[PDB]
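1. experimental structure below, sequence on top.
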Amino acid sequence: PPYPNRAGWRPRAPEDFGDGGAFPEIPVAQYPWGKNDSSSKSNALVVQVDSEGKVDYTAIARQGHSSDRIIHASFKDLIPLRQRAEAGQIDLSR
Amino acid sequence: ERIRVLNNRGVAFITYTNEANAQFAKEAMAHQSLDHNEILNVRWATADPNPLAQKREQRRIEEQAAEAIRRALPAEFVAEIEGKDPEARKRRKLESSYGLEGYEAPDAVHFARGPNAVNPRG
Amino acid sequence: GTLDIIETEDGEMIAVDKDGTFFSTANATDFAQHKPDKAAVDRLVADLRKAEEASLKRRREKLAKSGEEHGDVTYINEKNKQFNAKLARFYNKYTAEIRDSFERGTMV
Amino acid sequence: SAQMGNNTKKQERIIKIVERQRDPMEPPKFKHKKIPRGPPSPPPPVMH
Amino acid sequence: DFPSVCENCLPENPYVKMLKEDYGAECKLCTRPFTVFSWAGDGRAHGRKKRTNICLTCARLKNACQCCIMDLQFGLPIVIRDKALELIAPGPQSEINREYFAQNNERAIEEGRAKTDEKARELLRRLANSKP
Amino acid sequence: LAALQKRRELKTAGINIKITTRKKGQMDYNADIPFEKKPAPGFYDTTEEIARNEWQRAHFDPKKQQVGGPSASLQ
Amino acid sequence: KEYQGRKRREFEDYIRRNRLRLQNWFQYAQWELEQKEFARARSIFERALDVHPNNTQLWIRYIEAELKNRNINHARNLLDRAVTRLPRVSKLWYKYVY
Amino acid sequence: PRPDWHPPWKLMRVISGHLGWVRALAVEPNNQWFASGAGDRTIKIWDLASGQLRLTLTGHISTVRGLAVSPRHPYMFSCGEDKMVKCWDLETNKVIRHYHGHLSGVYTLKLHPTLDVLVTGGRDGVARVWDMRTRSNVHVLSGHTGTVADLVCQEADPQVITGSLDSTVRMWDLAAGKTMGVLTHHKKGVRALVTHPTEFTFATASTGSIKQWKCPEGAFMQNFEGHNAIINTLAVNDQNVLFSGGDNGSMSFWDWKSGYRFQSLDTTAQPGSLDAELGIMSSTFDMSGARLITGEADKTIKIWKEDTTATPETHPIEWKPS
RNA sequence: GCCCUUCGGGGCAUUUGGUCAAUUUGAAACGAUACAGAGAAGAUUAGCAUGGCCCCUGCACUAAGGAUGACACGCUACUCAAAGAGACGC
Ligand SMILES: [Zn+2]
Ligand SMILES: [Zn+2]
């Protein structure tokens, strides 16, 4: 149901949301993806996300360390610095 | 509170109600005489392995913690969480609705104490 | 909402993956919440017990095979026997002439 | 901050901290103890 | 460089006079020498000088006042807390394991590396519908 | 073995005296786990498995543990 | 309890005498597993991993010791830590995929 | 990167005179003399131009595994396998200070370039940071699980970089005495470290691999490859010359930027030396960079010079891009 | 208690301090007892180390000694198979 006629019609599934995002003009408990009701203090590490929007398994490598510590934990750290796709101009100066 | 006695070999376990009375009775009867001319051995008592005694000492621990928590929390929060009064249940629904029927806000937000908060507070 | 069902111009159902997390649980947080089946757990555990039982049988068979003696006795305990067999395994290819000098009673 | 119960009379406090006049003749108070070395900081990945 | 002491213990006066001694006593929990902060009282009848009794490491890990050794949130004796609210922090209590654990915790905290009311509510739920 | 036999004969006789096993200079490895190093938490919750392992340890049975062809021509 | 005191004392004595021999850690952890002491067995394996962090045999022993007792979530944490610590060891990756 | 042309190096002078392997080598700031510490427990001071023996100093009861002549002070420091780190007053030719505390034999010794601090590394697996004046062990840089075989001091963070025989390389923040990073790229014992003088890069050498890193990130920049021997030393010029000396006796001269091996040699042993005794144990360029002083397991100081006869055409850069 | 005062007033001086003296139940130890019988693949033996939840004497925490101070000596599947040939096999 496009704009501006969704009155009376309530979404029942996340497919009823279109691609998602709760409809603010219908007063009802809307959840665009699902329910996280109560997790009984599950002691797992919280699954964080890296810069490009993917799962990060360096959170196991960095565990028990300070944030300012240099830790090589990926294959990118094995590549020579010129051949990395991040940059090409590096100031090698004291 | 309890006076377990085992006459077959003659040893007693005396459970008072207070720390102060227990220590006063311990240091007051240290090598003190009974009716017979003997020297008593009044030590601290190792915990009983009787499952009942363990269960009731545990229950004393949780009721003491509950007493302190109920003193610390607002009485409105205690009643609204307690879930025995139907008035408390419907008060909980109406207060942790904020419109949007069928919401039922999380405990971390509904039962939250803070400077600003979203609650009657106190 | 992750899978979208479409009908093409030819008239058939095609499931299109909005994410890429259908066939693999990477890039998907739900991988933390999966519970493996009890039958598969029993299968893996039983396979581990089978490997352990085979290794125990191999240990007992090796002990029984080395417990059987053949030829002369040149040791005094079991560690000496194992060391002497290791010495044989390494050094027979170099001391054949001295070996036959002992087996012969004369020249190398 | 908040505490075990509630607040009673005054919150802000002014505290005067001075070192204690210890006896010049006292030796060390406590015997030193032999404790095993702690575990290392978590090792890094082996980037071979 | 400052004790974690509840208002129950800090005597009456908002202007308090406090003494400090480096390595003045051993911790009552972890038995390691720590800085003692001893103040005055609400009466000049017995000069006990109510002092700290546990170190800031043991104060922080078990989350209790240094003088009276009871909880900062609820005001429970710390075993009552760790046995009724349950879990949180058992803490070793043996001869060498005690200083081992304290040593490692202090080493971690100095090197940077590191929900009570939720378990209080869960305790309320276990007790409200309970029956002996 | 002699001391154990005497201990079980005196325990069933009614008398019960525990002896000081705490020698100086040495540790009691039964009071608590010696130099505990708990496993680090990963991305998977382990709470129910920890509870099950504690249940297994608590109900461990002491009563199930006890310690202590052919001819010569062809070969 | 007295028997377990003897065995723990002997095993810890041999840990203290030669910490670089892996058989001491392995036998101590195996014996504690056979006593169904899982926290103690995990502690022994973790301390052995402190002494020998990049040992593939020790890693596989600790993973398999927690797989034989149906501790699947524990063992998957172990396998993530193992292939994080040792990314270029093919055996750990093979064991995780298997 | 297209490599620069560097002239090949040849043997100039061979100086016999120690009775043990020459493990240490240290040039004066003024380039007049250099210091060879050797397995015959002695430190010899040699004139650099003539090569003649000026003096012999004996204060160690074991092999001298490290030397440093201070650029600010009239001191010479040494360390040896006898657990001892000593400070020699060169206005008297006498030991005036001890730096005690290493539990076993001491393998390396460097001075902080700016401020008056001495860092030593040792077989007790640790790098001790000492004050020169008060001889007080201000820091005990610990965390390696093996012998600290080499070590560099630097004017900015990371100030201390230690390479150990358990194959890791740790970069240490000197103010706090705790590590800011670990580099675990090497497969075996990292026996050599060196710091480029003008670029903010450094190089570590294990057996077969010489890896080049960027400060302070520890970012893997490149890899000198081809020298399949145990590398004992590493020496970079001002003109971008890396010297990998190897325990089998193998010498490799590389260009620092590209990684191109412009020369490969095998050194020669004295009359009387076994073929097992062919090997380079120490090396340093002098202050100018025109000479390379190596000290070898045939108990020999050797001086290596650039060939002025050779042209860029007589020795062309046989570098094949891929 | 003194001192000043225009007799209204004011001034000088300012918060010590470790359960108490109280010997069982907040922690000290040898002797003594029954003993015991000083390491290196036969016998007798000089030692010097090594590692530390083992210490003792000593100023030695940069000697030396304590039987070379003692401890050490036990335990032992688990990164784990492959081909070939046999079976009133199934
Ligand atoms: Zn403490
Ligand atoms: Zn308090």
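-> Yes, it's here. Numbering: from 1, shown residues only, chains lettered A, B, ... in the order given. Ligands and ions are numbered 1, 2, ... in the order given.

2. what segments of chain C are strands?
-> For chain C, the strands defined by DSSP state E cover C:3-7, C:13-17.

3. closest one to chain G among the ones you listed?
-> strand C:13-17 (22.6 Å; Cβ to the nearest Cβ). C-beta here means a position set from N, CA and C on the backbone, and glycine is covered the same way.

4. report all helices and strands that that closest one contacts.
-> Secondary-structure packing of strand C:13-17 (3 or more Cβ pairs under 8 Å, 6 or more residues apart in numbering or on different chains; DSSP states H and E): strand C:3-7.

5. show me what the strand it packs on is packed up against.
-> strand C:13-17.

6. what's the angle between the strand it packs on and strand C:3-7?
-> Orientation check (axes from the mean of the first three to the mean of the last three Cα atoms, to 10 degrees): strand C:13-17 against strand C:3-7 gives 150 degrees.

7. could you dump the strands of chain C into JSON lines and include mean neighbour count?
-> Listed next are the strands of chain C as JSON lines, based on neighbours: other Cβ atoms under 10 Å in any protein chain shown:
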{"stretch": "strand C:3-7", "mean neighbour count": "10"}
{"stretch": "strand C:13-17", "mean neighbour count": "9"}
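
8. just put the ones you listed in TSV and tack on distance to RNA strand I.
-> Listed next are the strands of chain C as TSV, based on distance: least, Cβ to the nearest atom of the strand, whole Å:
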stretch	distance to RNA strand I
strand C:3-7	38
strand C:13-17	36
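
9. now do the helices in chain E.
-> Ranges of helices within chain E are E:56-61, E:78-84, E:96-110, E:116-128, based on DSSP state H.

10. circling back to that earlier point, just put the strands of chain C in TSV and tack on distance to residue B:19.
-> What follows is the strands of chain C, written out as TSV (distance: least, Cβ to Cβ, whole Å):
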stretch	distance to residue B:19
strand C:3-7	65
strand C:13-17	66
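
11. closest one to residue B:27 among the helices of chain E?
-> helix E:78-84 (22.4 Å; Cβ to Cβ).

12. residue contacts, the nearest residue to residue A:31 once chain neighbours are set aside?
-> For residue A:31, ignoring the flanking residues on the chain, the nearest one in space by Cβ to Cβ, 6 or more residues apart in numbering or on different chains is residue A:22 at 7.4 Å. By Cβ atoms under 8 Å, 6 or more residues apart in numbering or on different chains, the contact list for residue A:22 reads A:30-32.

13. narrow those residues to those that are buried.
-> For those, a burial check counting by 16 or more other Cβ atoms under 10 Å in any protein chain shown picks out residue A:30.

14. columns secondary structure on top of the contacts of residue A:22, output as JSON lines?
-> Below are those laid out as JSON lines (DSSP: H, G, I helix; E, B strand; the rest coil):
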{"residue": "A:30", "secondary structure": "coil"}
{"residue": "A:31", "secondary structure": "coil"}
{"residue": "A:32", "secondary structure": "coil"}
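
15. tell me who's in contact with residue 27.
-> Picked chain A for this. B:99-101.

16. not quite, I wanted chain G
-> So residue G:27 contacts residue G:11 (Cβ under 8 Å, 6+ apart).

17. ok, residue H:77 next?
-> By Cβ under 8 Å, 6+ apart, residue H:77 lies in contact with H:66-70, H:85-88, H:109, H:111, H:118.

18. skip the chain neighbours and tell me the closest residue to it.
-> Residue H:77 sits nearest to residue H:68 (Cβ to Cβ, 6+ apart), 4.6 Å away.

19. just residue H:202 next, same as before
-> Nearest non-adjacent residue to residue H:202, counting by Cβ to Cβ, 6+ apart: residue H:195, 4.6 Å away.

20. the one you found against residue H:152, yeah?
-> Yes. Assessed by Cβ atoms under 8 Å, residue H:195 is found in contact with residue H:152 at 5.0 Å.

21. all helices for chain F, in order.
-> F:2-11, F:47-58.

22. out of those, deepest packed?
-> Comparing the helices of chain F by mean neighbour count (mean count of other Cβ atoms under 10 Å in any protein chain shown), helix F:47-58 ranks first with a mean of 14.

23. separation between the most centrally placed residue in chain C and chain G?
-> Most central in chain C under Cα atoms, centre = their mean is residue C:51, positioned 8.1 Å from the mean C-alpha point. Counting by Cβ to the nearest Cβ, to the nearest Å, the gap from residue C:51 to chain G is 9 Å.
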